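S.K.: Next up is a structure, given as structure tokens.
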Ligand SMILES: [Ca+2]
Ligand SMILES: [Ca+2]
Ligand SMILES: [Ca+2]
Ligand SMILES: [Ca+2]
Ligand SMILES: [Ca+2]
Ligand SMILES: [Ca+2]
Ligand SMILES: [Ca+2]
Ligand SMILES: [Ca+2]
């Protein structure tokens with residue numbers, strides 16, 4: 006089970022920044038990789054490590070922190086498209 | 006097709022904050038809902054609407070903005086779990 | 006089955022009065038007895054003669070005529086109380 | 006106890022018509038419904054209310070007025086059938 | 001009752017019977033898949049004169065003719081009500097039936113009086129007589145043509161179905177049988193939409209070319 | 001019929017109507033528990049004149065008189081089967097019923113042929129006619145005195161039930177109504193046994209003292 | 001929760017447990033008949049603080065204690081929900097259960113992957129585990145006292161029942177058991193009304209004399 | 001396997017995938033009627049390699065591909081029984097499952113004892129665990145080309161069905177998709193027979209002329 | 001949409017526009033009275049393909065063309081929604097409108113920041129802009145023909161009205177205007193039934209003779 | 001009717017009148033804010049014997065006694081119905097009123113017959129006479145004590161309000177007036193919960209110390 010995890014929290018407070026660093030380090034220690042800011046994912050072996058990981062993430066969530074969790078297949082994970090921020103020739107047909 | 010979208014960008018400058026507000030308003034106008042900061046999702050009817058939405062998101066991405074796109078099933082989109090938040103010495107009181 | 010039958014119709018016109026006399030004579034010919042004006046009853050042997058009598062009454066009903074039909078037991082028929090338009103001594107107890 | 010009530014009286018005089026209207030309005034105020042002319046019924050809760058209703062009806066009966074009272078079961082009261090309307103020569107046209 | 005898809009330029013109206021022929025297998029299979037998945041997909045949109053989109057519960061989709069079950073609780077109930085109305089329209093027949101059921105009630109009542117226990121009953125009605133008779137439609141020995149005809153006859157009995165659609169059902173019927181189906185559909189006033197990969201000769205139909213051009217065709 | 005429990009010295013016989021008073025609340029509640037659990041518990045026993053144990057299916061236990069439905073699936077099944085047997089005992093009447101049913105089936109069949117839709121039918125049976133008429137025992141009961149009488153009628157009608165038992169049902173009826181119930185039980189010959197926490201004055205009853213000794217009364 | 005009948009001078013309030021003793025057999029039998037027929041008869045009227053009359057569906061009448069069925073679909077469903085809430089109140093136990101059903105899900109998933117057919121599943125939840133366990137109340141071996149206690153425990157589970165009434169149920173229980181029933185009723189806050197022909201000694205009750213006089217009685 | 005009807009001179013054999021075209025609409029509709037009525041009508045017959053007639057229960061007739069539900073009571077029963085057999089083939093894994101179920105039953109039993117209301121339970125079984133998990137075949141089908149593939153998978157999984165028959169199901173698939181379906185049928189070894197009103201170009205099929213003569217094509 | 005009365009032998013179907021001419025003044029006035037009283041009287045029965053009788057609320061009756069009020073809360077609301085959909089179908093126009101609204105919101109927001117009190121707002125939407133503009137249909141200067149045309153245009157906006165009926169409305173319009181009304185009704189798909197005492201020349205209509213014979217007439 | 005908050009160890013029951021005194025200003029202000037925001041906040045939970053949580057619409061919160069509007073459409077309507085019931089309970093008074101109304105109706109009917117136009121009427125009822133009289137509660141000259149008493153009198157008229165709560169309303173009333181309010185609340189059976197920062201001497205109340213300890217207090 007591919008576990009996609011979004012992480013956010015107000016960063017204004019200094020203790021909030023410290024807690025954000027601590028939670029990020031905890032995510033890296035648990036096997037999660039950061040694709041971009043607030044974007045992470047981890048491969049869970051089965052529903053077992055999935056449920057246990059959900060409990061652990063609920064336990065380690067910092068104050069005011071918010072985590073989104075989504076279950077995704079490998080085919081959907083390979084279809085993940087990340088766009089980081100007007101074509102003269104538009105081709106409708108074979109792309110040559 | 007359930008589209009999970011993460012959004013991040015340096016917010017330091019005033020122009021960057023204005024661009025962030027504009028991009029967020031554009032995401033809300035397109036049907037995306039914010040589950041938490043940087044965390045959004047939208048239900049796309051089919052693959053064509055998903056591709057057009059990808060092109061539009063690439064066109065509307067602000068400078069230095071970074072967007073992560075992941076495809077999840079509708080049932081897996083409902084499976085989304087949002088968690089909102100080992101010490102030897104526990105202190106209840108002034109933290110000294 | 007004790008068949009109680011109420012009969013009414015506008016009597017103003019001469020044709021209406023003639024129809025009322027004809028319908029009343031038909032009720033008397035069928036075995037019905039008139040207890041008072043518009044009040045009649047007949048003893049039907051079983052449900053068969055009751056249904057056939059209902060059909061016949063529907064067939065013989067005069068224009069604008071209206072008939073009410075009620076099924077009543079002998080104990081209820083003996084309990085019929087007819088009042089046609100102040101006690102000094104009221105006794106609550108044995109009536110002596 | 007389902008109370009079937011028939012009401013008749015000579016209507017010729019104006020005082021008799023006024024008394025008929027008053028008695029009918031009294032019957033409607035007491036909960037009785039008119040299925041047709043001279044034909045009425047009311048659902049009495051028990052035998053006590055039935056006796057009190059009999060006394061009240063005897064007290065409110067107009068001069069020359071005649072009332073027929075019959076007891077019918079609630080299921081037999083629903084069994085009430087209201088019919089609203100052999101000739102050799104049938105004439106469709108002027109009756110000559 | 002107009003239906004619209006992305007391939008068509010304007011929504012096409014479906015009145016009485018309508019034969020829609022799709023010459024492209026890809027657009028045909030995609031359209032049928034959009035017919036089964038219609039609640040999930042927004043591509044195919046069917047709306048009435050009010051422009052209100054009909055729910056999939058209001059849409060009736062039929063592919064297998066002999067596999068569909070024509071006998072349902074609502075269809076049999078409304079059919080029994082229709083038979084009761086037909087018997088009620090004739091006063092003489094209703095009177096005779098009342099006489100017979102009356103005699104039977106007399107017999108059973110006598111048998112009840114002969115018993116030692118106190119027994120009560122109410123009535124034997126016509127709807128109870130039809131339900132005891134077990135009146136139902138027979139699809140067992142019916143040919144496919146008679147099956148589709150019975151479906152067109154019971155479509156008026158179905159209250160919730162707004163439109164009936166058949167998928168590739170015109171391949172079984174001969175041209176004359178198709179003429180009978182259309183001529184009967186014009187009398188029944190129901191809205192039926194047929195979807196065929198190949199065009200049928202001799203009947204008016206809407207043809208969709210591989211070029212994705214929709215044209216009316218008399219033959 | 002006789003009933004036996006560990007508290008009694010010898011089994012007491014229950015013939016026609018019988019009133020049993022238990023002066024101990026623990027022995028009374030435990031006795032009712034033994035009545036509902038009779039299938040599970042072997043303590044309470046019942047020996048008929050044949051001296052043979054009877055299954056709980058043959059024992060009719062009724063506590064609430066008004067809450068006991070007279071119309072049941074088994075009761076209506078046995079009643080409809082009984083009426084079908086009575087109609088089957090007379091060949092001519094059943095023949096006339098078959099003729100009338102044939103006429104009605106011919107009329108409804110003609111109306112079905114008149115319809116444009118194909119219609120398939122099977123037949124009409126006398127059992128379907130009885131069930132269509134809704135034949136059932138009278139459900140009208142003004143008071144518990146009449147309801148218990150209907151319970152005695154249905155109990156005397158049921159052959160499988162060898163005993164009818166009422167638990168604290170005598171508190172609702174007046175002494176005169178108790179006399180009428182006992183006389184009706186003696187006239188109906190059925191076996192009825194009552195269980196009361198306290199004794200009733202004026203009627204013959206078996207009093208079970210707190211000492212567990214059983215003594216006759218009146 | 002006040003109840004009123006023609007025999008009473010003023011409507012009497014029923015709060016927590018209430019023992020109503022009717023010394024007249026005629027008024028007692030008539031009142032019980034008015035309790036069973038309550039929807040039909042207007043003599044007995046039960047109203048709340050809003051003066052609104054409660055429906056017979058909102059009234060719960062109980063005479064036979066051991067004959068009543070305590071196990072119902074709604075009672076067992078709400079009971080399973082209550083057990084799920086009890087397991088949810090403890091984080092550690094819920095975590096352990098999640099680990100166990102988690103491992104079971106891993107095993108069954110491996111067995112599904114070993115099969116040739118493509119198989120999909122969702123989850124094994126706690127409510128499904130309780131429904132698979134078949135948790136229900138046991139009235140089989142229960143004494144009458146434990147049965148009435150279980151009825152007082154499940155009366156909170158019944159949503160639609162406004163008031164519970166027992167008919168002659170106090171004759172089976174000893175004085176101490178009655179004290180336990182009342183003391184438990186005060187904690188459960190439910191409204192229970194007992195109807196007995198004879199007065200019980202040692203408990204507060206409302207006595208109705210043959211003179212039709214209602215008086216409070218401490219013993 | 002072979003199929004025989006009065007129109008054919010000799011029974012034609014159906015091996016792996018087979019495409020049968022009927023150029024007569026009356027013989028095609030009457031043939032489908034003989035397929036749905038096969039139990040009632042003796043005209044259409046099917047003789048396997050053993051030359052033995054097969055009951056309609058062994059014949060799988062599927063007309064609408066999308067309207068055919070993959071999940072059924074019998075299919076889920078055979079699947080759950082198959083998984084139960086696979087878990088029963090390994091004693092150690094089933095022992096661990098019994099241990100975990102014992103732990104969960106101990107926890108839920110302790111929580112039941114903590115409650116003030118009496119609770120009775122029976123046990124938890126592996127079949128109740130599979131049914132509680134909702135094990136079923138995948139219901140996701142994007143196109144009819146995949147749905148027919150799932151129908152071929154479930155058909156090859158079912159041992160009782162000796163033949164699968166499709167009526168006018170080849171009109172939805174493109175020629176290339178028909179080639180993939182034929183190759184998948186030859187790889188799966190299952191017996192599939194198609195009935196089409198008109199001939200398909202590019203594939204091998206048996207053409208039945210309006211003259212009733214049957215001729216091979218490609 | 002079939003309508004039936006006692007004078008007709010068979011129920012007549014009303015599809016698109018239908019011109020019904022009653023040559024008898026008694027049957028015409030009685031039929032119009034049965035149209036106004038339709039809920040009270042059982043003589044005139046209008047049913048759909050489902051045979052279900054339509055309620056008088058579903059029936060739309062129109063006699064005075066210029067006296068009828070075309071502007072209603074539901075008609076104006078659904079019309080504003082239709083305009084919002086038309087503006088939403090074009091991405092460029094919607095983008096420009098969003099830009100202008102953004103500028104105005106910036107100005108008003110600056111004015112709010114200049115104030116001493118803390119002020120909060122939400123948004124200025126397109127539906128609020130249309131409601132502030134006061135978009136409505138103008139019947140003041142409209143001719144009777146344009147009024148009936150606008151009624152045929154807003155009949156699609158009315159959700160509850162099943163069928164529109166006009167009473168003696170064809171006397172004002174010229175033959176060409178009637179041809180435009182019918183030709184537009186065929187495109188709008190709405191069901192319109194006209195009732196006229198005298199027959200109109202040149203249009204297909206159903207004629208009811210003084211003999212009570214209903215015949216189709218091409219002219 | 002039990003209320004519970006995080007500060008309490010066990011949910012406290014509110015029966016008839018209940019005086020809750022919070023000695024801590026922070027917990028008191030936070031509890032009142034949780035009373036106004038109750039639908040938004042999950043901290044304060046009020047449940048009935050069914051354990052079902054009551055909606056904020058079912059909760060009645062009152063702070064300003066003289067600012068609250070006691071006259072509402074539902075309160076005046078149900079009050080007029082209550083007056084009509086009071087007049088209906090007496091046969092003689094109802095007969096006299098019927099006589100007078102009959103006389104007035106005779107006069108107005110004669111005046112209608114004198115007119116040239118044909119006039120029809122129905123009846124003049126008692127509810128219409130009360131509505132014409134304009135019966136309503138007068139809070140204008142009422143003292144705060146009489147205002148709260150009228151609120152306790154109209155709380156039975158309010159159907160949707162499950163519980164009435166007063167915020168710091170006991171500071172205006174004298175000890176004797178508080179005794180009258182409680183003694184009247186015991187008769188009215190309504191559930192009233194008072195919240196005061198300081199304890200009232202002489203009345204039973206629940207005290208919450210700054211230590212967050214809840215204790216019953218007789219004085
Ligand atoms: Ca039958
Ligand atoms: Ca019946
Ligand atoms: Ca189990
Ligand atoms: Ca599950
Ligand atoms: Ca706004
Ligand atoms: Ca303006
Ligand atoms: Ca009035
Ligand atoms: Ca006034």
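Residue numbers (the deposited numbering), protein chains in the order written: chain K, 6 to 90, 100 to 110; chain N, 6 to 90, 100 to 110; chain Q, 6 to 90, 100 to 110; chain T, 6 to 90, 100 to 110; chain B, 1 to 219; chain C, 1 to 218; chain D, 1 to 219; chain A, 1 to 218; chain F, 1 to 219; chain H, 1 to 219.
We put the beta carbon where it would ideally sit given N, CA and C, even for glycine.
Just checking, does the segment 152 to 159 of chain A make contact with the segment 181 to 194 of chain A on the three C-beta pairs under 8 Å criterion?
M.R.: As far as the Cβ criterion goes, the segment 152 to 159 of chain A touches the segment 181 to 194 of chain A, which means the pair count is three or higher.
S.K.: Restricting to Cα atoms, I'd like to know which of H:196, H:160, H:190 and H:156 is closest to residue 172 of chain H.
M.R.: Considering only alpha carbons, the answer is H:196.
S.K.: Anything in chain H within Cβ reach of residue 51 of chain D, meaning under 7 Å, just list it in chain order.
M.R.: The answer, in chain order, is 156.
S.K.: In chain D, which residues lie less than 9 Å from residue 107 of chain A when you measure between Cβ atoms?
M.R.: Simply 87, 93, 96, 97 and 100.
S.K.: Can you tell me where the beta strand (DSSP E) with residue 17 of chain A in it begins and where it stops?
M.R.: Looking at the DSSP string, the run of the beta strand (DSSP E) that includes residue 17 of chain A is 17 to 22.
S.K.: Can you list the residues near ligand 7, meaning Cβ strictly closer than 7 Å to any non-hydrogen atom, in the order they appear in the chain?
M.R.: The set, ordered by position in the chain, is H:122, H:123, H:124, H:125 and H:128.
S.K.: Classify residue 153 of chain F as helix, strand or coil using the three-state DSSP reduction.
M.R.: The answer is helix: DSSP assigns residue 153 of chain F an H, G or I state.
S.K.: Report the option in H:34, H:201, H:48 and H:130 whose CA atom is closest to the CA atom of residue 175 of chain H.
M.R.: Selected option, being the one with the closest Cα: H:201.
S.K.: Going by C-alpha distance, which of A:17, A:27 and A:15 is nearest residue 211 of chain A?
M.R.: Residue A:27 is the option with its Cα nearest to residue 211 of chain A.
S.K.: Return the residue from the list F:199, F:123 and F:79 that minimises the CA-CA distance to residue 104 of chain F.
M.R.: Of F:199, F:123 and F:79, the residue nearest in Cα terms is F:123.
S.K.: Could you tell me whether the segment 71 to 85 of chain N touches the segment 70 to 78 of chain K, using the rule of 3 or more Cβ pairs below 8 Å?
M.R.: A contact exists between the segment 71 to 85 of chain N and the segment 70 to 78 of chain K.
S.K.: Name, going along the chain, the residues of the segment 46 to 72 of chain N whose beta-carbon falls closer than 8 Å to a beta-carbon of chain B.
M.R.: Answer in chain order: 50 and 51.
S.K.: Hey, is the segment 32 to 39 of chain Q in contact with the segment 10 to 26 of chain N, meaning 3+ C-beta pairs nearer than 8 Å?
M.R.: Cβ pair count under 8 Å is below three, so no.
S.K.: Within 10 angstroms of the Cβ of residue 108 of chain B, are there 16 or more other Cβ atoms? Answer buried if so, exposed if not.
M.R.: Buried, by the Cβ-count rule.
S.K.: Residues of chain D with a CB under 9 Å from the CB of residue 58 of chain H: which are they?
M.R.: What residue 58 of chain H touches in chain D: nothing, since even the nearest Cβ is about 12 Å away.
S.K.: Could you have a look at residue 115 of chain A and say whether DSSP puts it in helix, strand or coil?
M.R.: If DSSP states are grouped into helix, strand and coil, residue 115 of chain A belongs with coil.
S.K.: Check this for me: beta carbons of residue 21 of chain A and residue 205 of chain A, under 7 Å apart or not?
M.R.: Result yes, Cβ atoms of residue 21 of chain A and residue 205 of chain A sit closer than 7 Å.
S.K.: Compare the Cα-Cα distances from residue 65 of chain A to each of B:168, B:99 and B:85 and report the closest residue.
M.R.: The candidate whose alpha carbon is nearest that of residue 65 of chain A is B:168.
S.K.: Find out if the Cβ-Cβ distance for the pair residue 118 of chain C, residue 83 of chain B is shorter than 7 Å.
M.R.: Not a contact, by the Cβ cut-off of 7 Å.
S.K.: So which residues on chain D does residue 67 of chain C lean against when the C-beta distance must stay under 7 Å?
M.R.: Ordered by position in chain D, the residues that pass the 7 Å Cβ test against residue 67 of chain C are 63 and 64.
S.K.: Tell me, please, which residues DSSP counts as bridged to residue 42 of chain T.
M.R.: According to DSSP, residue 42 of chain T bridges with nothing at all.
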